[PDB]
Amino acid sequence: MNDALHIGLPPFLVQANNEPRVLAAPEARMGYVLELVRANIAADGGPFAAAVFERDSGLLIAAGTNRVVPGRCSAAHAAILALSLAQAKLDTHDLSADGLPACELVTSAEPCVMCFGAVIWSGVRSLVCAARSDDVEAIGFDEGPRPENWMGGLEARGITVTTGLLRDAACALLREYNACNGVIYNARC
Amino acid sequence: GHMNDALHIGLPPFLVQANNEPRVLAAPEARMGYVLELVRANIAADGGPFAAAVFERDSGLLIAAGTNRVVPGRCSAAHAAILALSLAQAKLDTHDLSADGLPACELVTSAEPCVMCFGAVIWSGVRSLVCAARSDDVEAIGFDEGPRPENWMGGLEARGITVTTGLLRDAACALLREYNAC
Ligand SMILES: Nc1nc(O)c2[nH]nnc2n1
Ligand SMILES: [Zn+2]
Ligand SMILES: [Zn+2]
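In order, the protein sequence lines correspond to chains Z and Y.
Using my numbering, you'd call the opening residue of the first sequence number 8 and step up by one each time.
Using my numbering, you'd call the opening residue of the second sequence number 129 and step up by one each time.
Listed below in structure tokens is the structure:
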């Protein structure tokens, strides 16, 4: 659309944002996010996904995935779509606005510099990641020149940080995606 | 606004018009001038005092323009640079503005990008960034730039994006000051 910023969502992602879901444990939240990653890969997207949850209830607010290529938008990273769709559902730019419960971002990989800033501005009070930055860059993706000690930057910003949650599974998905990135047809892929 | 099958960021009349009107501005100040014009209309359209536009670096052909639409759009990622770069990619049918066969693109923005936009610029494919107001000018009216890397400018140049700042700074600050006063 030339009259607005329009990022369509693949069916699976639409399903994820339509069906009520509650996941109490961190492993439960991250496990669901990893399901979206495999499904995004199957839906022509990057091996990345994230979701916004109510930190104290585990209620899924919104889910997002990498749609850069099919979306014709380099700003379409998982964290950004998840944060935006969440803000659109709660009808506010601040997920920390008076009246709403604390929000948490559960992302399959540590945020690049762009999404890093996106998180700080989002209003979320917590960030939980799976794959470390080195894991993402090991298969080719660039995290960008994030400020030094970005983690300490978030905490000082009142944003608690956690990483490595279900890292092994997150890494397995990053590597299978990489094992198909090529152009030579692979029936196994 | 809010949707189920998509993230839809509506645009106000003037911005829609700006994204569909033929406009070729060769000189740098010409481009920055138009952009500051968008700032004003945006302020009147309930948006923040920020705007940007992507241009064909050498011909000055306007490709797309964006403005801060955070509050009215209920989206903290809706900064001038994000939308402009995003709508430019939409109009050129690609996520990479440096794609082969595509002309070099430039993002003329009213204020220096925040840590977030900093990254968007890097992943956008643009090869040039021209800014009017400086970071301290932005911070001087209550707008945060977030924790950017040490020497974000060198960070952009190291990646093939030449940076120019201070262009029409004074004219842009007058718009920042007025926005702040109201
Ligand atoms: N710092 C800052 N804050 C916003 O909300 C912006 N929108 N556009 N550019 C912007 N820059
Ligand atoms: Zn990112
Ligand atoms: Zn910004």
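C-beta: ideal position from N, C-alpha, C; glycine also.
| query | result |
| --- | --- |
| Nonlocal neighbours in the same chain, by C-beta distance under 8 Å from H100(Z), ignoring five residues either side | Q94 and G130 |
| Backbone secondary structure at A169(Y) - three-state DSSP | helix |
| Near ligand 1: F123(Z) beta-carbon under 7 Å from a heavy atom | no |
| Option nearest residue 110(Y) by Cα separation, candidates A248(Y), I269(Y) and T290(Y) | The structure shown does not extend to residue 110(Y), since chain Y spans only 129 to 310, so no value can be given for it. |
| Cutoff 8 Å: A35(Z) Cβ touching any chain Y Cβ | no |
| Residue environment, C187(Z), which counts as buried when at least 16 other CB atoms sit within 10 Å | exposed |
| Inter-residue spacing [alpha-carbon to alpha-carbon] between residue 96(Y) and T195(Y) | The first residue shown for chain Y is 129 and the last is 310, placing residue 96(Y) beyond what the model contains. |
| Minimum Cβ-Cβ distance from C242(Y) to chain Z less than 8 Å | yes |
| Simplified DSSP state of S133(Z), which is helix, strand or coil | strand |
| CB contact check: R151(Y) to chain Z, cutoff 8 Å | no |
| Test: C301(Y) CB closer than 8 Å to a CB of chain Z | no |
| Check: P200(Y) C-beta below 7 Å from any heavy atom of ligand 2 | no |
| For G38(Z), three-class secondary structure by DSSP | helix |
| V167(Y) CB to nearest heavy atom of ligand 1 below 7 Å | no |
| Under 7 Å (Cβ pairs) to chain Z, residues found in the segment 281 to 300 of chain Y | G283 |
| As assigned by DSSP and simplified to three states, the class of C233(Y) | strand |
| Extent of the continuous beta strand (DSSP E) run through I14(Z) | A11 to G15 |
| Neighbourhood of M121(Z) by C-beta, 8 Å cutoff - its chain only, sequence neighbours within 5 removed | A82, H84, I87 and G151 |
| Where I137(Y) meets chain Z, residues with beta-carbon distance less than 7 Å | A11 and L12 |
| Exposure label - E34(Z); buried when at least 16 CB within 10 Å | exposed |
| C-alpha gap between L172(Z) and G53(Z), whole angstroms | 20 Å |
| Chain-ordered chain Z contacts of residue 318(Y) [CB-CB under 7 Å] | In this structure chain Y extends from 129 to 310, so residue 318(Y) is not present and cannot be described. |
| Min CB distance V190(Z) to chain Y below 8 Å | no |
| Cβ-heavy atom distance, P150(Y) to ligand 3, below 7 Å | no |
| Sequence-distant residues of the same chain with beta carbon closer than 7 Å to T293(Y), five excluded per side | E240, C259 and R262 |
| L135(Y) beta carbon less than 8 Å from that of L92(Z) | yes |
| Of the listed residues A69(Z), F55(Z) and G65(Z), nearest to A179(Z) (C-alpha basis) | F55(Z) |
| Neighbour-count burial assignment, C80(Z), 16 or more Cβ in a 10 Å radius | buried |
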